[PDB]
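Student: Here it is, the structure, as structure tokens.
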Amino acid sequence: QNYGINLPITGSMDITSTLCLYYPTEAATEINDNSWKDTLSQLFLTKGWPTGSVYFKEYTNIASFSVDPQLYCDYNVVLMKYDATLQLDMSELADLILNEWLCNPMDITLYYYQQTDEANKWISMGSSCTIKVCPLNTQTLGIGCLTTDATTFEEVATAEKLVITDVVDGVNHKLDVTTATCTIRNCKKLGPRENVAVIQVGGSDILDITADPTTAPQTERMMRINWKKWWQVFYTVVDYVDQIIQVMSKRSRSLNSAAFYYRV
Amino acid sequence: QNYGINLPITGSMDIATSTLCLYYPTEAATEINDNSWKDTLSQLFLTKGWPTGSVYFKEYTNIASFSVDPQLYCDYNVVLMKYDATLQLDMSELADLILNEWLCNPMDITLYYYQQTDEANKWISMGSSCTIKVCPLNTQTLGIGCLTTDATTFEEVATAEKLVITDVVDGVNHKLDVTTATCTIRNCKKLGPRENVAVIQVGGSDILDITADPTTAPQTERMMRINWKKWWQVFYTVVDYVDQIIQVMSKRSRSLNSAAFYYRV
Amino acid sequence: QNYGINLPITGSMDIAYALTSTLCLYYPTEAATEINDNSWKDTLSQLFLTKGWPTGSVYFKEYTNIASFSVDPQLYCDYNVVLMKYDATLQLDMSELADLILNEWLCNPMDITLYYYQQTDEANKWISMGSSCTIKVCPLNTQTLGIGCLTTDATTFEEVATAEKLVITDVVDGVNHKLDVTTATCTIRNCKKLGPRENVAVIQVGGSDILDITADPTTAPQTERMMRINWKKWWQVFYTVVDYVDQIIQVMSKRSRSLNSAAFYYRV
Amino acid sequence: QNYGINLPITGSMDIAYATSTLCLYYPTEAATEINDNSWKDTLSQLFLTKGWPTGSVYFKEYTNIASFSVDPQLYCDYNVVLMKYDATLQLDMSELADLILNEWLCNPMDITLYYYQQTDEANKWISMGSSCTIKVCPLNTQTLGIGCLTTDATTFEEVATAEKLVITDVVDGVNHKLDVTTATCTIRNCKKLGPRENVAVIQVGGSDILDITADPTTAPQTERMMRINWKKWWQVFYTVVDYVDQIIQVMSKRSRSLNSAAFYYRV
Amino acid sequence: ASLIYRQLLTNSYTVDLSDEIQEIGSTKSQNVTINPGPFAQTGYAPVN
Ligand SMILES: [Ca+2]
Ligand SMILES: [Ca+2]
Ligand SMILES: [Ca+2]
Ligand SMILES: [Ca+2]
Ligand SMILES: [Ca+2]
Ligand SMILES: [Ca+2]
Ligand SMILES: [Ca+2]
Ligand SMILES: [Ca+2]
Ligand SMILES: [Ca+2]
Ligand SMILES: [Ca+2]
Ligand SMILES: [Ca+2]
Ligand SMILES: [Ca+2]
């Protein structure tokens with residue numbers, strides 16, 4: 001209980017959880033049974049999860065879910081339906097919910113903002129996020145744009161529910177986001193979030209959760225299954241819950257000993 | 001991992017980028033009646049030694065409105081709270097919520113009876129209009145001074161409150177009747193202090209009971225108070241003495257999610 | 001000679017030890033239609049002879065569709081190479097076919113009108129094949145009463161397949177189920193995955209690599225025998241297969257089950 | 001790799017040492033006489049007493065020996081086939097018993113192009129189908145027929161006519177041309193490998209008439225070939241259930257094959 | 001004195017008999033299965 005300090009841990013070589021399951025409304029529509037949640041709860045009970053420990057969350061679309069996706073649970077499994085036209089949206093959602101972000105406010109009408117390093121990004125969430133950026137040189141004049149006129153700005157998003165923006169580091173920008181229907185925050189990626197796993201249904205493993213173009217890492221918590229029946233999807237998840245949990249882990253920020261290290 | 005929390009640290013008794021959020025009521029901005037005052041304050045903070053782009057200004061209309069799920073954004077948070085004689089309890093509740101670390105679990109009043117385990121266990125309810133009525137139950141799960149079926153006989157402990165910290169007798173089950181449509185109630189435990197936030201009260205006397213115990217009324221270093229007649233003077237005071245305020249505060253308590261409470265399902 | 005037992009095999013790590021088979025190539029009718037040459041099988045046979053395969057050792061099998069081929073894909077041949085055409089809407093069908101023809105399955109019968117069924121292990125599935133499979137399952141609690149379904153009424157059953165030529169159902173292990181398969185056209189068996197089938201390799205001619213032959217959602221292994229190519233000409237596809245037959249055979253191996261040392265180990 | 005089949009096993013002569021599936025093939029006559037809807041459920045319950053858990057005993061129904069001989073399938077670890085004796089079907093019973101009880105390795109036999117010869121006494125020609133009509137013309141060393149013109153099939157010597165299952169044995173070492181009716185028949189060149197302990201045959205009625213060897217000087221009566229006198233199919237089924245222990249003890253499930261086919265196919 | 005713990009653990013099969021004594025006096029009730037599902041929306045026919 002010496003919180004807040006990092007002390008070396010020496011080891012010798014010679015020697016009650018809650019699960020949340022997020023699914024699209026299409027799944028419930030196809031199931032077309034109102035007792036399906038209770039059925040899955042009883043199946044999870046057979047797998048060992050006591051009744052009431054499994055929560056079922058429904059979202060209408062990846063677009064809607066991407067608006068501040070709060071996941072309160074010891075373990076979270078998100079069933080993401082693949083659409084070939086939503087590759088970037090799926091990637092951004094996965095990046096936001098599979099990593100821990102420390103976000104600070106942004107007041108675009110009062111300050112110019114730059115990204116300090118590779119771990120820094122601008123995360124914008126809202127009804128309609130339209131982000132236009134004007135880079136400034138060392139004299140505080142636009143490069144390819146005019147600070148006074150926002151039409152000349154360079155548009156990097158349009159009516160986006162969720163957008164992760166990555167401008168060139170070390171250069172100040174003037175932003176012109178739609179603060180009325182969007183909130184933009186200057187975030188830094190601390191690391192992975194072991195609490196959450198994504199199971200894509202359909203598609204061909206198209207997810208880039210790294211802004212680096214030279215890497216498209218496929219973590220153990222990113223899974224993909226071919227599907228035709230949502231009942232079979234849910235049966236697979238229930239039957240292999242043990243493997244999914246083993247792939248995931250408790251949230252380090254949640255655990256005690258995270259006090260004074262950006263807890264929760 | 002453990003970060004070695006279970007390990008001792010030995011020290012010798014002889015050896016020898018952050019952000020600042022300022023919460024203010026709309027009254028202050030109205031009285032100042034200047035459009036560039038935020039830029040002016042940013043420049044004055046720069047003179048103090050705060051890099052441009054590190055100070056942010058958050059505005060709330062009222063203490064009651066701000067009490068609805070307050071958000072703590074920066075590494076240092078400083079809330080200017082205006083004193084009203086009729087809002088002593090509201091100021092105390094808001095100060096308790098934003099100065100102490102809370103761990104809250106969901107409550108489903110419509111399907112369960114609830115009790116407070118220990119003195120640290122309170123019921124924090126927030127929303128547009130919270131109206132909590134309670135019925136204590138005896139050992140046989142029967143109402144005491146109330147009919148469990150009939151809610152009109154329940155005892156009213158809050159009325160159209162934006163924020164309530166209800167404290168009932170420990171070890172006694174209660175049936176709760178609240179307006180869940182315009183209010184959410186959570187079973188919270190006070191973990192401890194939150195050195196990330198400080199409250200400067202502009203106005204009246206030293207009135208902030210951040211402890212439910214009636215025999216204790218602590219006044220921590222983060223609970224400051226000033227006498228005011230001009231909001232420009234108030235802000236000049238804050239800017240000039242930011243170093244003292246920061247020294248009183250500690251940025252390590254900053255949370256990841258900016259919510260006033262840690263939520264557990 | 002000592003069949004049926006498992007005697008340890010001992011070998012040395014510091015010793016130097018300084019055609020007859022048969023190949024079957026399965027392709028869709030689209031390939032033949034595009035090639036539009038009567039003697040194309042003979043031409044490929046001659047080219048295989050150039051590569052070292054005696055004439056008469058290369059068989060050319062034609063299937064109309066993936067869906068039709070999935071109905072009992074009998075491959076009796078020392079080496080089998082299945083060129084399956086990718087379709088965006090048939091990912092699960094392709095995965096099921098690949099699993100069925102790439103793994104060894106020990107299957108027992110299922111009389112769903114006499115018995116409830118439970119899968120006892122991660123390697124136990126229900127494989128159903130036929131003209132039209134429509135599997136509808138009802139899980140039962142410990143009282144043999146349906147969970148979320150009515151044991152007496154099938155319309156309340158939960159459907160996990162609809163007019164499927166081939167399907168591999170995986171239900172929650174350890175719980176009894178009452179099934180309502182359409183046995184009038186489709187037959188269902190309780191199968192256990194012994195392991196990989198070295199005889200068969202599948203070349204996906206088309207889109208990206210989407211096959212996963214493991215029910216476990218956490219793993220999608222891409223073994224040696226699962227190959228993938230891009231294409232615009234079936235002649236080019238066949239030329240590639242002929243030219244790199246040696247690599248394909250090296251990736252594959254003779255079927256372990258049919259080896260005369262597997263006697264009393266589920267074959268010969 | 002090879003399970004160490006080439007290595008030896010040394011056992012001592014003194015040291016004290018001290019879910020299988022069961023298929024029951026029966027004719028439709030049995031079901032008709034039983035005349036009960038749930039007799040399979042009853043027999044399942046009774047097997048449960050002998051120790052076979054529910055879901056392990058399966059009942060297969062075949063209309064006739066003739067039909068069942070058309071590519072028979074062996075589904076369970078222990079396959080018990082009840083064969084109804086008919087004095088006019090002795091050879092059919094013998095052929096079916098040989099096919100199921102003995103393991104066979106068969107190769108394809110394209111007859112429209114190639115002459116074929118039997119190699120050793122272990123090689124036969126097994127033909128199955130709706131109607132297998134086989135006419136063989138032996139050839140001398142010059143590839144000319146012996147007692148039959150090669151071109152004209154009417155001179156060929158018939159060996160089977162409209163048969164569901166035929167196990168043809170011709171003189172070894174002499175080529176033959178076969179005019180087999182391939183439209184409704186498939187003929188394969190097979191070799192008998194050895195016994196199949198997976199399957200046992202129980203003959204109801206009759207007088208112990210089954211030769212499972214092509215050799216005329218030998219009609220072995222293995223332990224898996226059994227016979228019982230019968231007058232009620234309920235009595236027959238109760239006998240089988242009550243004595244399943246003895247039948248299983250006489251059988252062995254290590255011969256369970258990966259596929260249900262009665263023969264191993266090699267191209 | 002440990003005999004109290006040992007005997008309390010040993011003679012625990014009588015708890016079942018006490019439970020049966022309570023059960024026989026308990027009042028019993030039964031519940032019927034609840035018709036579930038997204039019930040089809042059927043309204044009035046078109047009339048004049
Ligand atoms: Ca521009
Ligand atoms: Ca987006
Ligand atoms: Ca950047
Ligand atoms: Ca209040
Ligand atoms: Ca009252
Ligand atoms: Ca209390
Ligand atoms: Ca399929
Ligand atoms: Ca149902
Ligand atoms: Ca399963
Ligand atoms: Ca003649
Ligand atoms: Ca015959
Ligand atoms: Ca012969």
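Ordered as shown in the structure tokens, chains take letters A, B, and onward, while each chain numbers its residues from 1 and ligands are numbered from 1 in the order shown.
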Using only C-alpha atoms and all ligand atoms, determine which residues fall within 7 Å of ligand 2, then list them as an mmCIF file with C-alpha atoms, in the first residue's frame.
Tutor:
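Output contents, as saved in result_21.cif:
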```cif
data_model
loop_
_atom_site.group_PDB
_atom_site.id
_atom_site.type_symbol
_atom_site.label_atom_id
_atom_site.label_comp_id
_atom_site.auth_asym_id
_atom_site.auth_seq_id
_atom_site.Cartn_x
_atom_site.Cartn_y
_atom_site.Cartn_z
ATOM 1 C CA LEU A 88 -11.943 3.456 -41.166
ATOM 2 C CA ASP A 89 -14.900 3.798 -38.800
ATOM 3 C CA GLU A 92 -11.194 4.133 -35.190
ATOM 4 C CA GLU A 160 -18.007 12.060 -38.465
ATOM 5 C CA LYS A 161 -19.452 10.539 -35.316
ATOM 6 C CA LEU A 162 -15.917 9.660 -34.181
ATOM 7 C CA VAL A 163 -12.660 10.772 -35.789
#
```
Student: Once DSSP has gone over the backbone, tell me which residues of region 134-198 of chain B are in strand (DSSP E or B), as a PDB file with N, CA and C atoms, in the first residue's frame.
Tutor:
```
ATOM      1  N   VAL B 134     -37.899   7.281   1.185  1.00  0.00           N
ATOM      2  CA  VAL B 134     -37.357   6.045   1.726  1.00  0.00           C
ATOM      3  C   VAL B 134     -38.367   5.406   2.663  1.00  0.00           C
ATOM      4  N   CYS B 135     -38.293   4.086   2.759  1.00  0.00           N
ATOM      5  CA  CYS B 135     -39.069   3.333   3.730  1.00  0.00           C
ATOM      6  C   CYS B 135     -38.151   2.321   4.397  1.00  0.00           C
ATOM      7  N   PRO B 136     -37.776   2.524   5.657  1.00  0.00           N
ATOM      8  CA  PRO B 136     -36.983   1.510   6.354  1.00  0.00           C
ATOM      9  C   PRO B 136     -37.794   0.256   6.626  1.00  0.00           C
ATOM     10  N   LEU B 137     -37.116  -0.885   6.558  1.00  0.00           N
ATOM     11  CA  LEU B 137     -37.734  -2.189   6.735  1.00  0.00           C
ATOM     12  C   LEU B 137     -37.178  -2.855   7.984  1.00  0.00           C
ATOM     13  N   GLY B 143     -42.272  -2.459   6.404  1.00  0.00           N
ATOM     14  CA  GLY B 143     -41.960  -1.058   6.591  1.00  0.00           C
ATOM     15  C   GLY B 143     -42.098  -0.624   8.038  1.00  0.00           C
ATOM     16  N   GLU B 155     -40.919   8.411   3.554  1.00  0.00           N
ATOM     17  CA  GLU B 155     -40.342   9.597   4.167  1.00  0.00           C
ATOM     18  C   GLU B 155     -39.431  10.284   3.162  1.00  0.00           C
ATOM     19  N   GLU B 156     -39.675  11.568   2.929  1.00  0.00           N
ATOM     20  CA  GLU B 156     -39.000  12.306   1.871  1.00  0.00           C
ATOM     21  C   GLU B 156     -37.685  12.866   2.395  1.00  0.00           C
ATOM     22  N   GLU B 161     -33.855  17.843  -6.223  1.00  0.00           N
ATOM     23  CA  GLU B 161     -32.461  18.221  -6.072  1.00  0.00           C
ATOM     24  C   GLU B 161     -31.656  17.764  -7.278  1.00  0.00           C
ATOM     25  N   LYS B 162     -30.748  18.628  -7.732  1.00  0.00           N
ATOM     26  CA  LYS B 162     -29.836  18.242  -8.798  1.00  0.00           C
ATOM     27  C   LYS B 162     -28.794  17.248  -8.307  1.00  0.00           C
ATOM     28  N   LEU B 163     -28.359  17.380  -7.058  1.00  0.00           N
ATOM     29  CA  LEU B 163     -27.417  16.453  -6.450  1.00  0.00           C
ATOM     30  C   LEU B 163     -27.832  16.224  -5.008  1.00  0.00           C
ATOM     31  N   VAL B 164     -27.855  14.963  -4.594  1.00  0.00           N
ATOM     32  CA  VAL B 164     -28.156  14.589  -3.219  1.00  0.00           C
ATOM     33  C   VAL B 164     -27.137  13.559  -2.768  1.00  0.00           C
ATOM     34  N   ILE B 165     -26.676  13.694  -1.533  1.00  0.00           N
ATOM     35  CA  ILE B 165     -25.878  12.668  -0.869  1.00  0.00           C
ATOM     36  C   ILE B 165     -26.701  12.212   0.329  1.00  0.00           C
ATOM     37  N   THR B 166     -27.476  11.152   0.134  1.00  0.00           N
ATOM     38  CA  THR B 166     -28.334  10.625   1.179  1.00  0.00           C
ATOM     39  C   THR B 166     -27.545   9.711   2.103  1.00  0.00           C
ATOM     40  N   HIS B 174     -33.715  -0.494   3.118  1.00  0.00           N
ATOM     41  CA  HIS B 174     -34.651   0.553   2.746  1.00  0.00           C
ATOM     42  C   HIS B 174     -35.227   0.248   1.378  1.00  0.00           C
ATOM     43  N   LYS B 175     -36.530   0.447   1.234  1.00  0.00           N
ATOM     44  CA  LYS B 175     -37.139   0.516  -0.083  1.00  0.00           C
ATOM     45  C   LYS B 175     -37.137   1.969  -0.526  1.00  0.00           C
ATOM     46  N   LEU B 176     -36.647   2.217  -1.732  1.00  0.00           N
ATOM     47  CA  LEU B 176     -36.476   3.569  -2.236  1.00  0.00           C
ATOM     48  C   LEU B 176     -37.478   3.848  -3.344  1.00  0.00           C
ATOM     49  N   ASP B 177     -38.031   5.055  -3.329  1.00  0.00           N
ATOM     50  CA  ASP B 177     -38.884   5.558  -4.396  1.00  0.00           C
ATOM     51  C   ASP B 177     -38.245   6.836  -4.914  1.00  0.00           C
ATOM     52  N   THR B 184     -30.665   9.505 -11.457  1.00  0.00           N
ATOM     53  CA  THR B 184     -30.009   8.227 -11.229  1.00  0.00           C
ATOM     54  C   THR B 184     -29.345   8.248  -9.863  1.00  0.00           C
ATOM     55  N   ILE B 185     -29.503   7.155  -9.127  1.00  0.00           N
ATOM     56  CA  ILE B 185     -28.979   7.016  -7.776  1.00  0.00           C
ATOM     57  C   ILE B 185     -27.966   5.885  -7.779  1.00  0.00           C
ATOM     58  N   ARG B 186     -26.839   6.100  -7.107  1.00  0.00           N
ATOM     59  CA  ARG B 186     -25.759   5.131  -7.062  1.00  0.00           C
ATOM     60  C   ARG B 186     -25.316   4.922  -5.623  1.00  0.00           C
ATOM     61  N   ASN B 187     -24.898   3.693  -5.333  1.00  0.00           N
ATOM     62  CA  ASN B 187     -24.378   3.322  -4.022  1.00  0.00           C
ATOM     63  C   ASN B 187     -22.881   3.600  -4.018  1.00  0.00           C
ATOM     64  N   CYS B 188     -22.468   4.677  -3.358  1.00  0.00           N
ATOM     65  CA  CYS B 188     -21.097   5.148  -3.433  1.00  0.00           C
ATOM     66  C   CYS B 188     -20.388   4.957  -2.100  1.00  0.00           C
ATOM     67  N   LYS B 189     -19.078   4.756  -2.178  1.00  0.00           N
ATOM     68  CA  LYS B 189     -18.204   4.707  -1.016  1.00  0.00           C
ATOM     69  C   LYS B 189     -17.125   5.763  -1.179  1.00  0.00           C
ATOM     70  N   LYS B 190     -16.888   6.536  -0.127  1.00  0.00           N
ATOM     71  CA  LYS B 190     -15.864   7.574  -0.158  1.00  0.00           C
ATOM     72  C   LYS B 190     -14.501   6.923   0.029  1.00  0.00           C
ATOM     73  N   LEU B 191     -13.684   6.939  -1.025  1.00  0.00           N
ATOM     74  CA  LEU B 191     -12.370   6.314  -0.948  1.00  0.00           C
ATOM     75  C   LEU B 191     -11.388   7.169  -0.162  1.00  0.00           C
ATOM     76  N   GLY B 192     -11.461   8.486  -0.309  1.00  0.00           N
ATOM     77  CA  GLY B 192     -10.538   9.369   0.357  1.00  0.00           C
ATOM     78  C   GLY B 192     -10.530  10.754  -0.251  1.00  0.00           C
ATOM     79  N   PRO B 193      -9.413  11.460  -0.123  1.00  0.00           N
ATOM     80  CA  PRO B 193      -9.306  12.802  -0.696  1.00  0.00           C
ATOM     81  C   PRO B 193      -8.848  12.785  -2.148  1.00  0.00           C
ATOM     82  N   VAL B 197      -8.360  18.726  -7.082  1.00  0.00           N
ATOM     83  CA  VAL B 197      -9.401  19.741  -7.173  1.00  0.00           C
ATOM     84  C   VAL B 197      -9.343  20.623  -5.937  1.00  0.00           C
ATOM     85  N   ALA B 198      -9.559  21.920  -6.134  1.00  0.00           N
ATOM     86  CA  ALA B 198      -9.639  22.876  -5.043  1.00  0.00           C
ATOM     87  C   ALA B 198     -10.829  23.789  -5.283  1.00  0.00           C
TER      88      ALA B 198
END
```
Student: Report as a list in words which protein, DNA and RNA residues come within 9 Å of ligand 8, using only C-alpha atoms and all ligand atoms.
Tutor: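 Sorted by chain and then by number, the residues are residues 31, 32, 33, 34, 35, 36 and 39 of chain A; 138, 147, 148, 149, 150, 155, 156, 157, 158 and 159 of chain C; 36 and 37 of chain E.
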Student: Those selected residues, please, written with N, CA and C atoms and delivered as a PDB file, in the first residue's frame.
Tutor:
```pdb
ATOM      1  N   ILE A  31     -32.738 -12.577 -33.994  1.00  0.00           N
ATOM      2  CA  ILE A  31     -33.070 -13.570 -32.978  1.00  0.00           C
ATOM      3  C   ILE A  31     -34.577 -13.657 -32.808  1.00  0.00           C
ATOM      4  N   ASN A  32     -35.250 -12.510 -32.767  1.00  0.00           N
ATOM      5  CA  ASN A  32     -36.710 -12.466 -32.777  1.00  0.00           C
ATOM      6  C   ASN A  32     -37.295 -13.316 -31.652  1.00  0.00           C
ATOM      7  N   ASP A  33     -36.604 -13.330 -30.519  1.00  0.00           N
ATOM      8  CA  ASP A  33     -37.085 -13.954 -29.297  1.00  0.00           C
ATOM      9  C   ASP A  33     -36.763 -13.013 -28.150  1.00  0.00           C
ATOM     10  N   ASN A  34     -37.731 -12.782 -27.270  1.00  0.00           N
ATOM     11  CA  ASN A  34     -37.528 -11.851 -26.169  1.00  0.00           C
ATOM     12  C   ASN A  34     -36.934 -12.510 -24.935  1.00  0.00           C
ATOM     13  N   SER A  35     -36.799 -13.832 -24.930  1.00  0.00           N
ATOM     14  CA  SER A  35     -36.164 -14.551 -23.838  1.00  0.00           C
ATOM     15  C   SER A  35     -34.721 -14.915 -24.152  1.00  0.00           C
ATOM     16  N   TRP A  36     -34.147 -14.342 -25.209  1.00  0.00           N
ATOM     17  CA  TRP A  36     -32.816 -14.757 -25.623  1.00  0.00           C
ATOM     18  C   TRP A  36     -31.755 -14.309 -24.631  1.00  0.00           C
ATOM     19  N   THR A  39     -31.881 -16.814 -21.900  1.00  0.00           N
ATOM     20  CA  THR A  39     -31.314 -18.065 -22.385  1.00  0.00           C
ATOM     21  C   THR A  39     -29.794 -18.017 -22.353  1.00  0.00           C
TER      22      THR A  39
ATOM     23  N   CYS C 138     -33.162 -26.683 -29.391  1.00  0.00           N
ATOM     24  CA  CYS C 138     -33.749 -26.203 -28.144  1.00  0.00           C
ATOM     25  C   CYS C 138     -32.879 -26.678 -26.994  1.00  0.00           C
ATOM     26  N   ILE C 147     -35.062 -24.261 -22.667  1.00  0.00           N
ATOM     27  CA  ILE C 147     -34.641 -22.952 -22.184  1.00  0.00           C
ATOM     28  C   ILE C 147     -34.874 -21.968 -23.319  1.00  0.00           C
ATOM     29  N   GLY C 148     -35.790 -21.026 -23.115  1.00  0.00           N
ATOM     30  CA  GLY C 148     -36.146 -20.115 -24.180  1.00  0.00           C
ATOM     31  C   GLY C 148     -36.890 -20.758 -25.322  1.00  0.00           C
ATOM     32  N   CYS C 149     -37.311 -22.008 -25.164  1.00  0.00           N
ATOM     33  CA  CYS C 149     -38.002 -22.735 -26.213  1.00  0.00           C
ATOM     34  C   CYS C 149     -38.917 -23.757 -25.563  1.00  0.00           C
ATOM     35  N   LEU C 150     -39.855 -24.264 -26.349  1.00  0.00           N
ATOM     36  CA  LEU C 150     -40.838 -25.229 -25.879  1.00  0.00           C
ATOM     37  C   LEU C 150     -40.513 -26.583 -26.485  1.00  0.00           C
ATOM     38  N   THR C 155     -41.707 -24.632 -33.479  1.00  0.00           N
ATOM     39  CA  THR C 155     -41.647 -23.265 -33.981  1.00  0.00           C
ATOM     40  C   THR C 155     -40.960 -22.325 -33.003  1.00  0.00           C
ATOM     41  N   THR C 156     -40.898 -22.689 -31.724  1.00  0.00           N
ATOM     42  CA  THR C 156     -40.185 -21.894 -30.735  1.00  0.00           C
ATOM     43  C   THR C 156     -38.698 -22.208 -30.691  1.00  0.00           C
ATOM     44  N   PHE C 157     -38.248 -23.229 -31.414  1.00  0.00           N
ATOM     45  CA  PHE C 157     -36.837 -23.572 -31.424  1.00  0.00           C
ATOM     46  C   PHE C 157     -36.020 -22.448 -32.047  1.00  0.00           C
ATOM     47  N   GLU C 158     -34.739 -22.425 -31.704  1.00  0.00           N
ATOM     48  CA  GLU C 158     -33.815 -21.405 -32.177  1.00  0.00           C
ATOM     49  C   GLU C 158     -33.060 -21.954 -33.379  1.00  0.00           C
ATOM     50  N   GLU C 159     -33.160 -21.259 -34.507  1.00  0.00           N
ATOM     51  CA  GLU C 159     -32.647 -21.758 -35.775  1.00  0.00           C
ATOM     52  C   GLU C 159     -31.190 -21.362 -35.959  1.00  0.00           C
TER      53      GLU C 159
ATOM     54  N   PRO E  36     -43.436 -15.806 -24.428  1.00  0.00           N
ATOM     55  CA  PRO E  36     -42.499 -14.726 -24.729  1.00  0.00           C
ATOM     56  C   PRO E  36     -42.551 -14.298 -26.187  1.00  0.00           C
ATOM     57  N   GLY E  37     -41.735 -13.296 -26.496  1.00  0.00           N
ATOM     58  CA  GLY E  37     -41.379 -13.006 -27.862  1.00  0.00           C
ATOM     59  C   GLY E  37     -41.895 -11.671 -28.348  1.00  0.00           C
TER      60      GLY E  37
END
```
Student: Using only C-alpha atoms, which protein or nucleic acid residues come within 7 Å of residue 74 (chain D)? Drop anything in the same chain fewer than 2 positions from it, and give the result as a VMD selection string.
Tutor: chain D and resid 72 76 79 260 to 262
Student: Which residues are near region 76-84 of chain C? Cut-off 8 Å, only C-alpha atoms, ignore same chain within fewer than 3 positions. Put them as a list in words.
Tutor: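 Listed by chain and then number, they are residues 21, 22, 23, 24, 25, 26, 27, 28, 66, 199, 200, 201, 202, 203, 204, 205, 249, 252, 253, 254 and 255 of chain C; 265, 266 and 267 of chain D.
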Student: Selection from above, C-alpha atoms, as a compact mmCIF listing (two decimals), in the first residue's frame, can you write it?
Tutor:
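Generated file (again.txt):
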```txt
# COMPACT_ATOMS: atom_id res chain seq x y z
CA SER C 21 1.24 -41.47 -56.18
CA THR C 22 -1.93 -40.02 -57.71
CA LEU C 23 -3.04 -36.39 -57.87
CA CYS C 24 -6.64 -35.18 -58.11
CA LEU C 25 -7.43 -31.58 -59.05
CA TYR C 26 -10.92 -30.30 -58.20
CA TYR C 27 -12.17 -27.24 -60.08
CA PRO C 28 -15.48 -25.51 -60.83
CA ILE C 66 -18.99 -24.67 -53.68
CA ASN C 199 -4.14 -35.46 -48.25
CA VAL C 200 -6.05 -32.29 -49.15
CA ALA C 201 -5.04 -28.72 -49.88
CA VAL C 202 -7.33 -25.85 -50.83
CA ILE C 203 -6.34 -22.97 -53.11
CA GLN C 204 -8.67 -19.98 -52.86
CA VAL C 205 -8.68 -18.36 -56.30
CA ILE C 249 2.97 -31.62 -52.88
CA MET C 252 0.92 -31.59 -48.45
CA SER C 253 1.63 -35.13 -47.27
CA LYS C 254 0.24 -38.63 -47.60
CA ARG C 255 -2.86 -39.26 -45.52
CA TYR D 265 -10.98 -47.19 -51.57
CA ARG D 266 -7.65 -46.50 -53.27
CA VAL D 267 -7.38 -44.82 -56.67
```
Student: List every residue of chain C that has an atom at most 7 Å from any atom of ligand 7, and for each one report the closest atom pair and its distance in Å to one decimal, counting only C-alpha atoms and all ligand atoms, with rows sorted by chain and then by increasing residue number, as a Markdown table.
Tutor:
```
| residue | atom | partner | partner_atom_place_in_ligand_line | distance |
| --- | --- | --- | --- | --- |
| C:92 | CA | ligand 7 | 1 (Ca) | 6.2 |
| C:93 | CA | ligand 7 | 1 (Ca) | 4.0 |
| C:96 | CA | ligand 7 | 1 (Ca) | 6.0 |
| C:164 | CA | ligand 7 | 1 (Ca) | 5.2 |
| C:165 | CA | ligand 7 | 1 (Ca) | 5.9 |
| C:166 | CA | ligand 7 | 1 (Ca) | 4.4 |
| C:167 | CA | ligand 7 | 1 (Ca) | 4.5 |
```
Student: Next, write the just-selected residues to a file, as a CSV table (one decimal), in the first residue's frame, keeping N, CA, C and O atoms as the atom set.
Tutor:
```
chain,number,residue,atom,x,y,z
C,92,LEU,N,-18.6,-18.0,-44.9
C,92,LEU,CA,-18.9,-19.1,-43.9
C,92,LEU,C,-18.9,-20.5,-44.7
C,92,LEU,O,-18.5,-21.5,-44.2
C,93,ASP,N,-19.5,-20.5,-45.9
C,93,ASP,CA,-19.6,-21.7,-46.7
C,93,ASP,C,-18.2,-22.2,-47.0
C,93,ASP,O,-17.9,-23.4,-46.9
C,96,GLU,N,-16.5,-23.6,-43.9
C,96,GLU,CA,-17.1,-24.9,-43.5
C,96,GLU,C,-16.5,-26.0,-44.5
C,96,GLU,O,-16.1,-27.0,-44.0
C,164,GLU,N,-29.1,-25.1,-45.7
C,164,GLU,CA,-27.7,-25.2,-45.9
C,164,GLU,C,-27.3,-26.6,-46.5
C,164,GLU,O,-27.7,-27.6,-46.0
C,165,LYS,N,-26.5,-26.5,-47.6
C,165,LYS,CA,-26.0,-27.8,-48.1
C,165,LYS,C,-25.1,-28.5,-47.1
C,165,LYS,O,-25.1,-29.7,-47.0
C,166,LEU,N,-24.2,-27.7,-46.5
C,166,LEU,CA,-23.3,-28.2,-45.5
C,166,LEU,C,-23.3,-27.2,-44.3
C,166,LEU,O,-23.2,-26.0,-44.6
C,167,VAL,N,-23.3,-27.7,-43.1
C,167,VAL,CA,-23.2,-26.8,-41.9
C,167,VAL,C,-22.5,-27.5,-40.8
C,167,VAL,O,-22.7,-28.7,-40.6
```
